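Listing of model.json, JSON, C-alpha atoms
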```json
[["chain", "number", "residue", "atom", "x", "y", "z"],
["A", 541, "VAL", "CA", -33.80, 44.35, -20.30],
["A", 542, "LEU", "CA", -30.88, 46.61, -19.40],
["A", 543, "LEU", "CA", -29.43, 43.82, -17.26],
["A", 544, "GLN", "CA", -29.84, 41.37, -20.14],
["A", 545, "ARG", "CA", -27.59, 43.20, -22.59],
["A", 546, "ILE", "CA", -24.62, 43.52, -20.20],
["A", 547, "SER", "CA", -24.83, 40.34, -18.12],
["A", 548, "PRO", "CA", -22.65, 37.42, -19.29],
["A", 549, "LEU", "CA", -24.89, 34.76, -17.68],
["A", 550, "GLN", "CA", -26.97, 32.56, -19.98],
["A", 551, "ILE", "CA", -29.86, 30.34, -18.89],
["A", 552, "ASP", "CA", -29.74, 27.04, -20.77],
["A", 553, "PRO", "CA", -32.47, 24.68, -19.49],
["A", 554, "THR", "CA", -30.98, 21.66, -21.28],
["A", 555, "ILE", "CA", -28.64, 21.25, -18.29],
["A", 556, "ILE", "CA", -31.54, 19.86, -16.25],
["A", 557, "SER", "CA", -32.61, 17.51, -19.04],
["A", 558, "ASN", "CA", -29.18, 15.92, -19.52],
["A", 559, "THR", "CA", -28.63, 15.15, -15.84],
["A", 560, "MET", "CA", -32.18, 13.79, -15.50],
["A", 561, "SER", "CA", -31.71, 11.32, -18.38],
["A", 562, "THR", "CA", -29.27, 9.10, -16.43],
["A", 563, "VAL", "CA", -31.44, 8.26, -13.42],
["A", 564, "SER", "CA", -31.70, 4.52, -12.80],
["A", 565, "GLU", "CA", -35.23, 3.26, -12.27],
["A", 566, "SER", "CA", -37.57, 0.41, -13.16],
["A", 567, "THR", "CA", -40.07, 0.74, -16.00],
["A", 568, "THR", "CA", -42.77, -1.28, -14.21],
["A", 569, "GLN", "CA", -43.37, 1.37, -11.54],
["A", 570, "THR", "CA", -46.49, 3.52, -11.34],
["A", 571, "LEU", "CA", -44.51, 6.62, -10.29],
["A", 572, "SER", "CA", -41.35, 8.08, -11.82],
["A", 573, "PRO", "CA", -39.47, 10.79, -9.87],
["A", 574, "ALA", "CA", -37.42, 11.83, -12.91],
["A", 575, "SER", "CA", -40.41, 12.47, -15.18],
["A", 576, "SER", "CA", -42.52, 14.20, -12.53],
["A", 577, "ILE", "CA", -39.94, 16.89, -11.75],
["A", 578, "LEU", "CA", -39.58, 17.64, -15.45],
["A", 579, "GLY", "CA", -43.35, 17.99, -15.63],
["A", 580, "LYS", "CA", -43.49, 20.50, -12.78],
["A", 581, "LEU", "CA", -40.83, 22.96, -13.92],
["A", 582, "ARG", "CA", -41.15, 22.96, -17.74],
["A", 583, "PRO", "CA", -39.83, 26.47, -18.80],
["A", 584, "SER", "CA", -38.22, 26.68, -22.29],
["A", 585, "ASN", "CA", -38.32, 29.23, -25.19],
["A", 586, "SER", "CA", -39.52, 31.90, -22.67],
["A", 587, "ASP", "CA", -38.15, 35.32, -21.66],
["A", 588, "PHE", "CA", -37.09, 34.63, -18.04],
["A", 589, "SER", "CA", -38.20, 38.13, -17.09],
["B", 786, "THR", "CA", -31.35, 0.02, -7.94],
["B", 787, "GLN", "CA", -30.08, -3.36, -6.78],
["B", 788, "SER", "CA", -30.41, -4.88, -10.26],
["B", 789, "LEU", "CA", -28.10, -2.25, -11.76],
["B", 790, "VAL", "CA", -25.48, -2.70, -9.03],
["B", 791, "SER", "CA", -25.13, -6.42, -9.73],
["B", 792, "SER", "CA", -25.06, -5.81, -13.49],
["B", 793, "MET", "CA", -22.25, -3.27, -13.13],
["B", 794, "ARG", "CA", -20.18, -5.69, -11.05],
["B", 795, "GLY", "CA", -20.59, -8.43, -13.65],
["B", 796, "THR", "CA", -19.57, -6.12, -16.49],
["B", 797, "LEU", "CA", -16.47, -4.89, -14.67],
["B", 798, "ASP", "CA", -15.30, -8.43, -13.86],
["B", 799, "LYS", "CA", -15.52, -9.56, -17.49],
["B", 800, "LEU", "CA", -13.51, -6.52, -18.57],
["B", 801, "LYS", "CA", -10.80, -7.51, -16.08],
["B", 802, "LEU", "CA", -10.58, -11.08, -17.42],
["B", 803, "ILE", "CA", -10.78, -10.31, -21.15],
["B", 804, "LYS", "CA", -8.52, -12.54, -23.24],
["B", 805, "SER", "CA", -6.59, -9.83, -25.06],
["B", 806, "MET", "CA", -3.14, -10.71, -26.36],
["B", 807, "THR", "CA", -1.96, -7.10, -26.80],
["B", 808, "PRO", "CA", -0.44, -6.41, -23.33],
["B", 809, "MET", "CA", 1.88, -9.42, -23.59],
["B", 810, "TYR", "CA", 2.75, -8.47, -27.17],
["B", 811, "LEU", "CA", 3.85, -4.99, -26.07],
["B", 812, "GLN", "CA", 6.23, -6.50, -23.50],
["B", 813, "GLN", "CA", 7.95, -9.37, -25.32],
["B", 814, "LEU", "CA", 7.69, -8.84, -29.09],
["B", 815, "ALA", "CA", 6.99, -5.16, -29.83],
["B", 816, "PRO", "CA", 10.45, -3.88, -28.71],
["B", 817, "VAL", "CA", 12.16, -6.48, -30.91],
["B", 818, "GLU", "CA", 10.32, -5.26, -34.02],
["B", 819, "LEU", "CA", 11.31, -1.64, -33.36],
["B", 820, "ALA", "CA", 14.95, -2.66, -32.85],
["B", 821, "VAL", "CA", 15.07, -4.45, -36.21],
["B", 822, "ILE", "CA", 13.40, -1.62, -38.13],
["B", 823, "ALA", "CA", 15.33, 1.26, -36.54],
["B", 824, "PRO", "CA", 18.68, 0.96, -38.42],
["B", 825, "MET", "CA", 16.84, 1.11, -41.77],
["B", 826, "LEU", "CA", 15.04, 4.43, -41.24],
["B", 827, "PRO", "CA", 15.93, 7.43, -43.41],
["B", 828, "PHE", "CA", 15.69, 9.57, -40.27],
["B", 829, "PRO", "CA", 17.56, 7.94, -37.37],
["B", 830, "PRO", "CA", 15.88, 7.99, -33.95],
["B", 831, "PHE", "CA", 16.25, 11.06, -31.75],
["B", 832, "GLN", "CA", 15.40, 10.58, -28.09],
["B", 833, "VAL", "CA", 15.57, 12.14, -24.63],
["B", 834, "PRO", "CA", 15.39, 10.13, -21.40]]
```

Go ahead and render the structure in this file as structure tokens.
Amino acid sequence: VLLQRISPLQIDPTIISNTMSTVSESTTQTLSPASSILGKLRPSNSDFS
Amino acid sequence: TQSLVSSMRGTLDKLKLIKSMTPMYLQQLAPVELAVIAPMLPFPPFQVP
């Protein structure tokens, strides 16, 4: 918590979402690489301790 | 994906061959209009090369 108050670095997870929304793929495929990676990570509104 | 690549090529070609009359207007007729208007301005033109 001491590092949090003085560090100027901010973790904004929307960066991943924006870049993953422009991946070209077909909608008739059983598997989607873009959606799966979002499913695995999924950390928002947390503390990042 | 291969479908997107062909679609992008088609879109770019039709942008190249658009039937817009502006670029010719800016070369042959636009300077004439400015020349006619210029002597009638309250504030005469002030230019640098």

Residues of chain A that approach chain B to 12 Å or less, counting all atoms listed in the file: could you list each one with the shortest pair of atoms and its distance in Å to one decimal, rows by chain and increasing residue number, as JSON lines?
```
{"residue": "A:563", "atom": "CA", "partner": "B:786", "partner_atom": "CA", "distance": 9.9}
{"residue": "A:564", "atom": "CA", "partner": "B:786", "partner_atom": "CA", "distance": 6.6}
{"residue": "A:565", "atom": "CA", "partner": "B:786", "partner_atom": "CA", "distance": 6.7}
{"residue": "A:566", "atom": "CA", "partner": "B:786", "partner_atom": "CA", "distance": 8.1}
{"residue": "A:567", "atom": "CA", "partner": "B:786", "partner_atom": "CA", "distance": 11.9}
```

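Taking all atoms listed in the file, the non-local environment of residue 542 of chain A within 12 Å (same-chain residues fewer than 4 positions away omitted) comprises residues 546, 547 and 589 of chain A.
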
For atom CA of residue 554 of chain A and atom CA of residue 570 of chain A, the interatomic separation in Å (one decimal): 25.9 Å

Close residues, residue 556 of chain A itself excluded, 12 Å, all atoms listed in the file, min 2 positions apart in chain, as a count of residues only: 19

Test item: axis-aligned box, all listed atoms of segment 821-834 of chain B, 5 Å on each side, centre and edges in Å rounded to one decimal, as JSON:
```
{"center_x": 16.0, "center_y": 3.8, "center_z": -32.4, "size_x": 15.3, "size_y": 26.6, "size_z": 32.0}
```

Neighbour list for residue 830 of chain B as a list in words, cut-off 12 Å, all atoms listed in the file, skip fewer than 6 positions in-chain: residues 819, 820, 822, 823 and 824 of chain B

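Our summary of the geometry notes that atom CA of residue 827 of chain B is positioned 20.6 Å from atom CA of residue 815 of chain B.
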
d(atom CA of residue 795 of chain B, atom CA of residue 557 of chain A) in Å: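 Taking atom CA of residue 795 of chain B and atom CA of residue 557 of chain A, their separation equals 29.1 Å.
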
Could you complete segment 802-823 of chain B so that it carries N, CA and C atoms, and give it back as a short mmCIF file (atom, residue, chain, number, x, y, z; two decimals), in the coordinates of the input?
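result.cif written:
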```cif
data_model
loop_
_atom_site.label_atom_id
_atom_site.label_comp_id
_atom_site.auth_asym_id
_atom_site.auth_seq_id
_atom_site.Cartn_x
_atom_site.Cartn_y
_atom_site.Cartn_z
N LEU B 802 -11.04 -9.76 -17.00
CA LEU B 802 -10.58 -11.08 -17.42
C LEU B 802 -10.66 -11.27 -18.93
N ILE B 803 -10.72 -10.18 -19.70
CA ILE B 803 -10.78 -10.31 -21.15
C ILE B 803 -9.51 -10.98 -21.65
N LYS B 804 -9.65 -11.77 -22.71
CA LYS B 804 -8.52 -12.54 -23.24
C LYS B 804 -7.90 -11.79 -24.42
N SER B 805 -7.27 -10.67 -24.08
CA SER B 805 -6.59 -9.83 -25.06
C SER B 805 -5.10 -10.13 -25.04
N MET B 806 -4.53 -10.32 -26.23
CA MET B 806 -3.14 -10.71 -26.36
C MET B 806 -2.22 -9.50 -26.52
N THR B 807 -2.78 -8.30 -26.59
CA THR B 807 -1.96 -7.10 -26.80
C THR B 807 -0.99 -6.82 -25.66
N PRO B 808 -1.40 -6.81 -24.38
CA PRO B 808 -0.44 -6.41 -23.33
C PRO B 808 0.81 -7.28 -23.28
N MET B 809 0.69 -8.58 -23.55
CA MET B 809 1.88 -9.42 -23.59
C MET B 809 2.70 -9.14 -24.84
N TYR B 810 2.04 -8.80 -25.95
CA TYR B 810 2.75 -8.47 -27.17
C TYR B 810 3.62 -7.24 -26.99
N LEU B 811 3.10 -6.23 -26.29
CA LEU B 811 3.85 -4.99 -26.07
C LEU B 811 5.05 -5.17 -25.17
N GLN B 812 5.13 -6.27 -24.42
CA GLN B 812 6.23 -6.50 -23.50
C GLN B 812 7.33 -7.38 -24.06
N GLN B 813 6.99 -8.38 -24.87
CA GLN B 813 7.95 -9.37 -25.32
C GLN B 813 8.34 -9.25 -26.78
N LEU B 814 7.43 -8.82 -27.66
CA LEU B 814 7.69 -8.84 -29.09
C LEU B 814 7.76 -7.46 -29.72
N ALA B 815 6.98 -6.50 -29.23
CA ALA B 815 6.99 -5.16 -29.83
C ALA B 815 8.36 -4.50 -29.79
N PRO B 816 9.11 -4.50 -28.68
CA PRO B 816 10.45 -3.88 -28.71
C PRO B 816 11.39 -4.50 -29.73
N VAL B 817 11.28 -5.81 -29.95
CA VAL B 817 12.16 -6.48 -30.91
C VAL B 817 11.91 -5.94 -32.32
N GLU B 818 10.64 -5.75 -32.68
CA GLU B 818 10.32 -5.26 -34.02
C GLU B 818 10.88 -3.86 -34.24
N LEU B 819 10.77 -2.99 -33.23
CA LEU B 819 11.31 -1.64 -33.36
C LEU B 819 12.83 -1.67 -33.49
N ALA B 820 13.49 -2.58 -32.77
CA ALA B 820 14.95 -2.66 -32.85
C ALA B 820 15.41 -3.07 -34.24
N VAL B 821 14.69 -4.00 -34.87
CA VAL B 821 15.07 -4.45 -36.21
C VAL B 821 14.86 -3.35 -37.23
N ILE B 822 13.73 -2.64 -37.14
CA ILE B 822 13.40 -1.62 -38.13
C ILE B 822 14.31 -0.40 -38.01
N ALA B 823 14.69 -0.03 -36.79
CA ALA B 823 15.33 1.26 -36.54
C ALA B 823 16.55 1.54 -37.41
#
```
